[PDB]
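In: quick one: initial chain(s) of a complex, as found there:
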Amino acid sequence: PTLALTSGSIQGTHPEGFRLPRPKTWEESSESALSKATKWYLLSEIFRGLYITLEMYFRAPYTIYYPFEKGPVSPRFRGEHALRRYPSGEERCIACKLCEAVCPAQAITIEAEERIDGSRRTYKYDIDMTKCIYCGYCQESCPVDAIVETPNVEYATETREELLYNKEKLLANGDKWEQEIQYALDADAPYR
Amino acid sequence: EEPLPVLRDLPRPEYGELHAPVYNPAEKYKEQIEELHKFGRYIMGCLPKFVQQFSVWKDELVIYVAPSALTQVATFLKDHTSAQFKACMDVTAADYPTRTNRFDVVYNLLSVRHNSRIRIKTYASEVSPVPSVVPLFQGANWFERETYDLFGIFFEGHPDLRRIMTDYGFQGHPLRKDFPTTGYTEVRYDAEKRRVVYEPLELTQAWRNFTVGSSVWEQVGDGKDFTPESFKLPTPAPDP
Amino acid sequence: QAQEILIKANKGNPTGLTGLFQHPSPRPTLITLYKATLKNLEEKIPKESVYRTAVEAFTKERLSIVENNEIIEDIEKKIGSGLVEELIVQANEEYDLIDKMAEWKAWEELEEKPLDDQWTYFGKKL
């Protein structure tokens, strides 16, 4: 038999002790008048508050001297995009257009056809680096690891035209950062 | 004062092959399904004049009412002791242009009393007004202000209905399906007028609609039957 | 008749909830509103309505528990719907509902049936 008889539930029932006791009056304060006034007139907690702040003055600060030092990075970090190659030198991308279809922001533009020697290669490949949200979906979807995000973050440009990376630019990044891409790929290969 | 352990080097458990049971996730809601079904019917029996129909999905009970049945059913669910939904969490809508009344106004009520949530669905058209629940729930003042801004629904009885999200003097209600996702206009700074001006929309890269390449095969089946065996009409058994 | 009762005190010891002060006369006030509701129910709502049976189910039940439980803590744990100061507002709102429930005549035929295409979503009937 449940408490539907009184339109009550287990959930509606408050725990024991839920009702507050009678609030104390001025005659039930444990502190004497002088103790309460010595703390009040001599700013007891403020002088403590100063003292705790002064403890920090004799501690080692946290600041690092960028650009002479860098904060930690991990192999999964997402930064600047780069198009990679095989060791033999052929471009890794087979113009499969997967990354273009995942890309949440539609930052990728791929135009492809059969190469001069028959290969399935891309002749136009742009990333609108001012439209990308640096999300890593293109990297996850590439079947041949052709498009990755290098750990670079220091590439701020004076003009916005310089942030429209075309296929020449991205392949030049893949050559520049190939060694660092291998650092991250070797470390985080099994986790993908 | 022993030196701190190097947590890298401490031993770790060894496991062979892992086993995890496979069972339907919808099964664990079975008890919740019957109780919402009972309590859903209870509201209908109490108010047959208003409750058109009720539906249960897993652990969510929906009550479908007409626009003229809104204030009545909302009041009943707020004041009745068996169902004290004092807190209204969400007021929204949805656009289904195929239906005669496209907009589908949905209310979510919370009962901190009995730890329950109920949903009210009431339809509306583009020109037909809907009663405002602001006199009951003060928390719907801005949720109704937002629904009008994004759906253009007329809310009758609202003390101050106005744009809350879109710009002042914004033409058109964005979440209506006929409104394009990129809108109609865009702004730029005009040197001659020394002020930011509106101009008609013109995209340097037109939006690409990859949604055309959707699935040509149906992807999910007809579903499964999880109605409690106490809410199905019995089959009249054959005679001897 | 002119019986004036207090629903929400505006001063006194707190109850643990902000704005809900302790009620000076908890038990007598509940009994007055339970007796009124049972009386006022039959004045306006006919018998075939389930709602009338539902209120008389527990308004009777909450009226019998109050009488036999002089200790407030025994009232709360047996009704099981919060503090006694809350039960006053439950009882009060239970009373206001009947004045509106009778007016709506909410035991009658469905005033406005949905169109044949209303509760259909993406080509399936719900």
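Out: Cool, the structure landed. Numbering: from 1, shown residues only, chains lettered A, B, ... in the order given.

In: CA atoms only: put the strand ranked longest in chain A into CSV for me.
Out: Longest strand in chain A by number of residues (criterion: DSSP state E): strand A:120-128. Extracted C-alpha coordinates of strand A:120-128, given in CSV (Å, rounded to 0.1, in the frame of the first residue of the first chain):
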residue,chain,number,x,y,z
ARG,A,120,43.1,10.2,-58.9
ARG,A,121,44.6,13.5,-57.7
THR,A,122,43.3,17.0,-56.8
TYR,A,123,44.3,20.1,-58.7
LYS,A,124,42.5,22.6,-56.4
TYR,A,125,42.4,22.3,-52.6
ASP,A,126,41.6,25.3,-50.4
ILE,A,127,41.0,25.8,-46.7
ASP,A,128,39.4,29.0,-45.6
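
In: now residue A:48: how far from residue A:37?
Out: As judged by CB to CB, to the nearest Å, residue A:48 and residue A:37 stand 18 Å apart. The way it works is simple: take the backbone N, C-alpha and C, and place the C-beta from them, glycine included.

In: do I have it right that residue B:175 meets residue B:150?
Out: Yes. Judged on CB atoms under 8 Å, residue B:175 makes contact with residue B:150 at a distance of 4.1 Å.

In: add one more, call it chain D:
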Amino acid sequence: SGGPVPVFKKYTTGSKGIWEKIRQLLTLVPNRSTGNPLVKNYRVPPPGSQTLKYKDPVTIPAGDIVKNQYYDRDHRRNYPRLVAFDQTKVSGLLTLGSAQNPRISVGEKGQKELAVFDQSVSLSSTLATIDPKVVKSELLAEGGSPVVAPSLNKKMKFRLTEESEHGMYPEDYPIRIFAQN
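Out: Following on from the chains above, chain D is added here:
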């Protein structure tokens, strides 16, 4: 429990020698850490220079080569169908009972009755004309009691703790800590 912990049991840089004794003599709470992580412990093998060779984890029933038919574990296609109960079906259930507790005749006589509630039946009329025991047995509960809103968590209860147990603010501060019970 969350009792205070000696400073040398926390992974932060701490003083040694004469300065440790100075640090304990002048600090308000001597077991407070400076917060600068231990250089020799924190992230010492970086995430890119670990030694663990990761292996893809696979529970047996759903990763096996055998006894692993996909239609057994294809839960996405076993979703609960959407059923809406109109007034008519409530009336039919109310008058005729349920599939578990039948109140319908057998054979063609029963097939007559089910077809009665195969078209519009307003529920206002059904409650007006039916046994009052039906409402007390089907619609309402426990002999006419109402149906309280069901709880999303039947195990949601609370209880009051005290500072000797919850460790937080003492009784004077205007908040109370609730346990599970």
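
In: next one: the longest strand of chain A to chain centre, how far?
Out: Distance of strand A:120-128 from the chain centroid (CA atoms, centre = their mean, to the nearest Å) equals 28 Å.

In: partner strands of it, parallel or antiparallel?
Out: strand A:108-114 (antiparallel), strand A:164-165 (antiparallel) (DSSP bridges).

In: need the winner for burial among these.
Out: For the strands paired with strand A:120-128, the largest average neighbour count (mean count of other CB atoms under 10 Å in any protein chain shown) is found in strand A:164-165, namely a mean of 19.

In: angle of the next helix or strand after that one against strand A:108-114?
Out: The helix or strand immediately downstream of strand A:164-165 is helix A:167-176, counting by DSSP states H and E. Taking axes from the mean of the first three to the mean of the last three CA atoms, to 10 degrees, helix A:167-176 and strand A:108-114 form an angle of 100 degrees between their directions.

In: what's around residue A:98, how many residues?
Out: Residue A:98 has 20 neighbours, counted by other CB atoms under 10 Å in any protein chain shown.

In: whoops, I mixed them up, residue D:14
Out: Number of residues near residue D:14 (other CB under 10 Å) recorded here: 15.

In: okay, chain E goes in next:
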Amino acid sequence: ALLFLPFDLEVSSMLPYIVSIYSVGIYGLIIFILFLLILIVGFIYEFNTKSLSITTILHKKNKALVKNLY
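Out: Next up, chain E placed on what we already have:
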């Protein structure tokens, strides 16, 4: 701001007593204390009326919900 002016002229008129505290002796000390008592009776008056309190007469109202059964 208005009460700043009377209390400022009280403070600035304590200046002559500072550079003459020795040579006025007990007599000028008793007069100085009397000069301060009369002004303190003003401090009592403006302390009891709570003149400097901003107060909140416009808002922060609460009421008792009282049913009016018939």
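
In: the neighbour count of residue A:98 again, this time with chain E added?
Out: By the measure other CB under 10 Å, the count of residues near residue A:98 is 20.

In: give the buried residues for the longest strand of chain A.
Out: A:121-122, A:125-128 (16 or more other CB atoms under 10 Å in any protein chain shown).

In: swap in stretch C:61-75?
Out: C:61-63, C:65-66, C:69, C:72, C:75.

In: nearest to chain B among those?
Out: Closest approach to chain B among the buried residues of stretch C:61-75 (CB to the nearest CB): residue C:62, at 8.8 Å.

In: quick one: that closest one is in a helix?
Out: Yes. Assignment of residue C:62 by DSSP: H, G, I helix; E, B strand; the rest coil places it within a helix.

In: can I assume it is in contact with residue C:27?
Out: No. Using CB under 8 Å, residue C:62 is not in contact with residue C:27; the gap is 11.8 Å.

In: which of the three states applies to the residue sitting furthest away from the middle of chain A?
Out: Centroid-distance maximum for chain A: residue A:27 at 56.1 Å, with CA atoms, centre = their mean. Three-state assignment for residue A:27 (three-state DSSP): helix.

In: distance of it from chain D?
Out: 16 Å (CB to the nearest CB, to the nearest Å).
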